[PDB]
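Structure assessment
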There are 2 protein chains.
Amino acid sequence: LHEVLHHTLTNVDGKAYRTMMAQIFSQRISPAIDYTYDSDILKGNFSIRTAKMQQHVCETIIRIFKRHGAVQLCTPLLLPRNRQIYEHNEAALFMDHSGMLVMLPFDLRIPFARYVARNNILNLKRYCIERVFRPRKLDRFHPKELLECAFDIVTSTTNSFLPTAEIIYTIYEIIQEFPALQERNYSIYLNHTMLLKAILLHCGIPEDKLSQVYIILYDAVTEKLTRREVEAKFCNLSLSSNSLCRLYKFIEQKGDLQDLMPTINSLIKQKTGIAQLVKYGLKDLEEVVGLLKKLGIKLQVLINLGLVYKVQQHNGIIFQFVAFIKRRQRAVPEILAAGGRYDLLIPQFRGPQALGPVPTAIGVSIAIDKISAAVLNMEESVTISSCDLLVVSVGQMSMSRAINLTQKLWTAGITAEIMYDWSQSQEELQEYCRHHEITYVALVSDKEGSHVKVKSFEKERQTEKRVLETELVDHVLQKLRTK
Amino acid sequence: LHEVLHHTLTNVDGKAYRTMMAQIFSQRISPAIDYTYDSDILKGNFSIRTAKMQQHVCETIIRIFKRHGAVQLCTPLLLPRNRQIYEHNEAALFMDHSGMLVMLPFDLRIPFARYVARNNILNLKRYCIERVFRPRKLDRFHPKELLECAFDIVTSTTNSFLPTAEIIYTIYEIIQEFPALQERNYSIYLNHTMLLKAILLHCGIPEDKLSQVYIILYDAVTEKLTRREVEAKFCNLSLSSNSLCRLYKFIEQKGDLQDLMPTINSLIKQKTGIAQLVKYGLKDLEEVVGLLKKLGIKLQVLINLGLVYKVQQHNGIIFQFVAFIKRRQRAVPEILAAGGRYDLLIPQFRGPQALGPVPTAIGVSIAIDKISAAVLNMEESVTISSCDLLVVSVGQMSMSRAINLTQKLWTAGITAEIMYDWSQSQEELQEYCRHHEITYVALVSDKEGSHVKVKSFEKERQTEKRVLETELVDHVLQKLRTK
């Protein structure tokens, strides 16, 4: 089997490979497998409040981005597999009918980097909301799906310090928009890649083994591994304990930039390379902190020495938004955003005839689901109304009048739904209004001539009134304005 | 090879199958193949006008839908392959790492039908904008991508006749809101599936071979096969010319409902099967035409006898918007939308323990790219501005003033973009403003104290005015409200 498979694979354009691919492509699928493929997604229960809340949050976030002059852009869904970048990060893997291997997008940074490299994009601002996929541990199931939002700035200027402040200011605006996010006391963390490399070199880590150290540090940070396992893993590379001790005394310190100056000052007495790296790192950190202070951002700005986050992809400043949420009597951190400068990805994807400088690029990613859950968990629940007014007809002879009234309402810019059944009882109408979250209803009947009865179900008070038909639109507009 | 392949495939959970799946998923991809995978999408050029126009069109369409009380919903991307529904239509096919066969969504109707069936949704309205994929004829390439919009109504009422009128009225509103679509003189076409089946049965086609006739008729309608080829293909189906001769005279008739009455009533003189179908096929058509007349839709309503469109998926009324645009002195019918009732798709996806009545369901689909192309082609081109005001600093010492001015302007709700460089010449600034379609700029300098020189590039007249800093926001708001 192995020999035959290898021989078939040796010529992907051969007749044997083409015939073999078809045979592993025309197999029948049992109905039980088809039904059970996504038994965890389509459970059966449904709720409209969650969809309305998600729509509102997405609309608010979209509105904030458009204020800065941004535009919406999209990238191709499928990209060829590259094991260099996603060696450890497990992504969904798929193969097509032509024998290729493709991957569902793990993140939107790499596709946009490829887009910029292949499209000769120099200056641009961009926002996008799409889905991301993560394969499931169990077999015969659907990939997990999450919602992600992106905001990228691409500039062709030597000055690359203020866009980093603009991104953080945009995230601060989004935080200020929602009262749910304002009570969590978010904090801002910062770090530099050059400073991290200088610290590693000073601690004695060989320059040829840096990537493995980055990977193990990231894995220990994101997995909460035990101290014993971390010590054993480091000793697996035959690394001395003194290097571990000297590295763990540096990543435990976080605080104000002026407070951590004595710690950073000790690194300026090292060799030429260490001093040269720390100079640039300190310069950029100081400048960014100063410009953030000039913008009057109330959120605390802290410099984190041990902040490792996709360090293989960023060349410069990296930041995160960390808030301590008291969940189950435990201060569990939750990340709302992250990003940094990633101009190093452009040289990989350029074509044979690409001439010109490499422009700067700064991006950020937000977790919409966290915002939605935080807003929905608030005790002072936010109520979203699908339609302002609901038109109900009583009797079969009043259907045309209700249809004409509803059509007139739409022409005036008022959102209104029209019920379809004319034999609905009053109790059924009240139950429907309560379930569908509707507070204003207009009853059209032929027993009152050219008058309609507007009913309101507000809190524990039930108010009804008679409104002239010619002034129903004006009455609704006045009520909406006064609301 | 075939015997070994069959033996391996006979046990999908066997060790040999897993080993083959691992081996076929660990191939090496050459850089030349990787670079050329999507060489047809990333053509190397870019334009911001197209993205802005598409964003505007999508925002307008989304705004129209929300006026009716609609909500946004999404469905899982990957669904198991089903050759029963997509036997003829070509769809992109992929296989995951476990050998299971999955398909990229060809359309959004079937995933939403599955969603409704598994979630037992009774009443709901929904809109969604996503992408659809079509595989390419050439080998080693990326699938094609198109943009589609959806609008579905699910009702549990027995007297469900008016939702079709509501859908057609919504599309009429969308047509009205764009001056580009108003000048194309669109038309509305209607038909019924019961009437088509009754016509086929009256023509003498056997009742056990109807699906093949539906498919060949759809193929002839879409691909526009030659008359000789259609006649030859019909003979190959073991069908005599007796059914074909009397079938080409019943699908050439188009006109008003009252004008085509002489043709339709001649089919009510038959057995108890033809008349029973024609009664239902005429009642709903008459009722829908009456309701459309009551709503004052200016678009002419015509009933099409030969309108075949996914007849396998609709049980009831189907409609389609057709406009005879002029392209190279040839009338090419461009379809804007189509849809119909599809309540028959629900029982397929229901579970064996699912119990309850099957509710009605009416949906539609719109081609956004056609709207964007139509609008962008207009001679009186619509100008979209990314930002109202552009803040430009002169000299290195005025950067802080420009930054705080832009922050204050953002605080007041005005969308403004701040330039990053300071040594930019006047000619470069003018070129940048012209390229990005920006009309208002604010030059900040310390040579004029607290005064900001506001420049305008309105047409051929250039206006320079001195504006106090404290009244810049008021000036911008006044200018925006003036026009």
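Residues numbered from 1 in each chain as written, not as in the entry; some residues may be left out. Chains lettered and ligands numbered in written order. Heavy atoms only, no water. Residues with missing side-chain atoms left out of burial classes, pairs and counts.

What the entry reports as its method is cryo-EM, with 3.2 Å given for the resolution.

In the nomenclature of the PDB entry, chain A corresponds to eIF-2-alpha kinase GCN2 from the organism Homo sapiens. Per the PDB header, the title for this entry is "CryoEM structure of the HisRS-like domain of human GCN2".

Here the focus is the overall build of chain A. For chain A, the helix and strand inventory stands at 18 helices and 17 strands. Compactness check: chain A gives a C-alpha radius of gyration of 30 Å against a globular reference of 23 Å for 483 residues, more than 25% above the reference. Along the first, second and third principal axes, the C-alpha set of chain A runs to 95 × 70 × 50 Å. Look at the contacts in chain A between residues 6 or more apart in sequence, and 68% of them connect residues 24 or more apart. (Helix = DSSP H or I, 4+ residues; strand = E, 2+ residues; numbered from the N terminus. Rg over C-alpha atoms; globule rule 2.2 N^0.38 Å. Contact = heavy atoms within 4.5 Å.)

At the junction of the two partners, chain B supplies 94 residues and chain A supplies 96 residues. If you tally residues by element for the side of chain B that touches chain A, the top one is helix α4 (residues 48–66) of chain B, at six residues. Its residues assigned to classes, the side of chain B that touches chain A shows 48 nonpolar, 26 polar and 20 charged. Taken together, the three bridges between strand β3 (residues 93–96) of chain A and strand β3 (residues 93–96) of chain B define a ladder with antiparallel strand orientation. Bridge pairing in β3 of chain B links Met95 of chain A to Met95 of chain B. (Nonpolar A, V, L, I, M, F, W, Y, C, P; charged D, E, K, R; others polar. Pairing = 2+ DSSP bridges.)

Strand order in this open sheet of nine strands is β1-β5-β6-β12-β11-β10-β7-β9-β8 (chain A), and the pairing throughout is mixed. Only two strands of the sheet have a single neighbouring strand rather than two, namely β1 (71–72) and β8 (254–255) of chain A.

This part takes up the packing of α4 of chain B against helix α6 (residues 162–177) of chain B. Residue and element names in this part refer to chain B. Axis separation between α4 and α6 bottoms out at 10 Å; the angle between their running directions is 140°. Classed by the angle they form, the pair α4 and α6 counts as oblique. In this structure, the crossing between α4 and α6 has a hand that is right-handed. Here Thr60, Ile61, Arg63, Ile64 and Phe65 of α4 lie close against α6, whose contacting residues are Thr170, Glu173, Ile174 and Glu177. Residue classes in the contact of α4 with α6 are distributed as four nonpolar, two polar and three charged. (Axes fitted to C-alpha atoms, helices over the stretch in contact; angles between N-to-C directions. Parallel < 35°, antiparallel > 145°, perpendicular 65-115°, else oblique. Left-handed = near helix turned anticlockwise from the far one by under 90°.)

Let us now look at the relation of the copies chain B and chain A. When chain B is brought onto chain A, the operation consists of a screw motion whose angular component is 180° and whose axial shift is 0.0 Å, with 0.3 Å RMSD remaining. The superposition operator between the copies reduces to a two-fold rotation axis. For chain B, the minimum C-alpha distance to the rotation axis belongs to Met95 of chain B and amounts to 2.7 Å. (Least-squares fit on C-alpha atoms.)

So, on to the sheet that holds strand β4 (residues 101–103) of chain B. In space, the six strands of this open sheet follow the order β2(A)-β4(A)-β3(A)-β3(B)-β4(B)-β2(B), with antiparallel pairing throughout. Of all strands in the sheet, those bounded by a partner on one side alone are β2 (79–80) of chain A together with β2 (79–80) of chain B. Bridge count for β2 of chain B against β4 of chain B is two bridges, and the pairing is antiparallel. Counterpart to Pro80 of chain B in the pairing with β4 of chain B is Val102 of chain B.

All names here are of chain A. Within the element layout of this structure, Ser393 appears in strand β13 (residues 389–393). A polar contact of 3.3 Å, which involves the side chain of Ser393, links it to the backbone oxygen of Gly395. Engagement of the side chain of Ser393 in a polar contact is seen with the backbone nitrogen of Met399, the distance being 3.5 Å. Among all residues touching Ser393, those that are not within four sequence positions of it are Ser398, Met399, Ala402, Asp421, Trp422 and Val444. (Polar contact = N/O pair within 3.5 Å; in protein donor to acceptor, adjacent residues only side chain to side chain.)

Ring plane angle 65° and centroid distance 5.7 Å describe the contact between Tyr86 of chain A and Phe106 of chain A, whose orientation is recorded as edge-to-face. Pair noted here: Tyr86 of chain A is in the loop between β2 and β3 and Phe106 of chain A is in the loop between β4 (102–103) and α5 (109–119), with a separation of 20 residues, a long-range link. With a centroid separation of 6.1 Å and an interplanar angle of 25°, the aromatic rings of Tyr169 of chain A and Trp410 of chain B are classed as stacked. With one member in each of two chains, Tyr169 of chain A in helix α6 (residues 162–177) and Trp410 of chain B in helix α16 (residues 399–411) form a pair that bridges those chains. Here a set of aromatic residues connected by ring pairs shows up, and it is made of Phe65, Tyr127 and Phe151 of chain A. (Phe/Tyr/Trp six-rings, centres within 6.5 Å; stacked < 30°, edge-to-face > 60°.)

With that out of the way, let us pick up the pairing of strand β6 (residues 144–155) of chain A. Where strand β5 (residues 124–134) of chain A meets β6 of chain A, 11 bridges bridge the pair, whose relative direction is antiparallel. The partner of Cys128 of chain A across the bridge, within β6 of chain A, is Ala150 of chain A.

Attention now goes to unusual backbone geometry. All names here are of chain A. One non-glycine residue, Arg140, lies in positive phi territory at about 60°. Positionally, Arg140 belongs in the loop between β5 and β6. With a phi close to 55°, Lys224 is a non-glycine residue in the positive phi region. One can find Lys224 in the loop between α9 (210–223) and α10 (227–236).

The next thing to look at is the packing of helix α8 (residues 193–203) of chain A against helix α11 (residues 241–248) of chain A. Residues and elements named next belong to chain A. At a minimum axis distance of 9 Å, the contact between α8 and α11 shows a crossing angle of 145°. The way α8 lies across α11 gives a crossing that is right-handed. Contacts from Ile199, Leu200, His202 and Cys203 in α8 reach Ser243, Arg246 and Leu247 in α11. Tallied by class, the residues present in the contact of α8 with α11 amount to four nonpolar, two polar and one charged.

This part takes up helix α13 (residues 274–294) of chain B. Here α13 of chain B spans 31 Å end to end across 21 residues, near enough to the 30 Å set by a 1.5 Å rise per residue. One or two steps after α13 of chain B, the chain reaches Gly296 of chain B, where phi turns positive at roughly 65°. (Expected span 1.5 Å × (residues − 1).)

A separate point is the pairing of strand β12 (residues 360–367) of chain B. All names here are of chain B. In the sheet, strand β6 (residues 144–155) pairs with β12 via eight bridges, with the strands oriented antiparallel. If you follow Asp152 over to β12, its bridge partner there is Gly363. One ladder, built from five bridges, connects strand β11 (residues 330–341) with β12; its direction is antiparallel. Directly across from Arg341, in β12, lies its bridge partner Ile362.

Partitioning chain A into structural domains gives domain 1 (2–36), domain 2 (48–92 + 105–377) and domain 3 (389–482). Just the C-alpha atoms count here: the centres of domain 1 of chain A and domain 2 of chain A sit 41 Å apart. (Domains from an automatic or database assignment.)

So, on to the environment of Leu101 of chain A. Tracing the chain through its elements places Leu101 of chain A in the loop between β3 and β4. Once you skip the residues sitting within four places of it in the chain, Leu101 of chain A turns out to touch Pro80, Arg81, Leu93, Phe94 and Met95 of chain A together with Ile24, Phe25 and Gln27 of chain B.

A few words now on the environment of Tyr169 of chain A. For the pair formed by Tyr169 of chain A and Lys370 of chain A, sequence separation is 201 residues and the distance between their alpha carbons is 19 Å. When near neighbours in sequence (up to four residues on either side) are disregarded, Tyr169 of chain A contacts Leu295 and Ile297 of chain A together with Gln407, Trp410 and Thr411 of chain B.

Looking at the secondary structure, you find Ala442 of chain A in strand β15 (residues 440–444). Excluding residues that lie within four positions of it along the chain, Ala442 of chain A makes contacts with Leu389, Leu390, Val391, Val392, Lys453 and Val454 of chain A.

Moving on to the pattern of salt bridges. Working definition: two side chains of opposite charge can pair if their charged atoms are close together. Note that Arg341 of chain A and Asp343 of chain A form a salt bridge whose closest N and O atoms lie 2.3 Å from each other. Salt bridges sharing common partners tie together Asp34 and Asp38 of chain A together with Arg114 and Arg118 of chain B. (Salt bridge = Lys/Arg side-chain N within 4 Å of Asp/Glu carboxyl O.)

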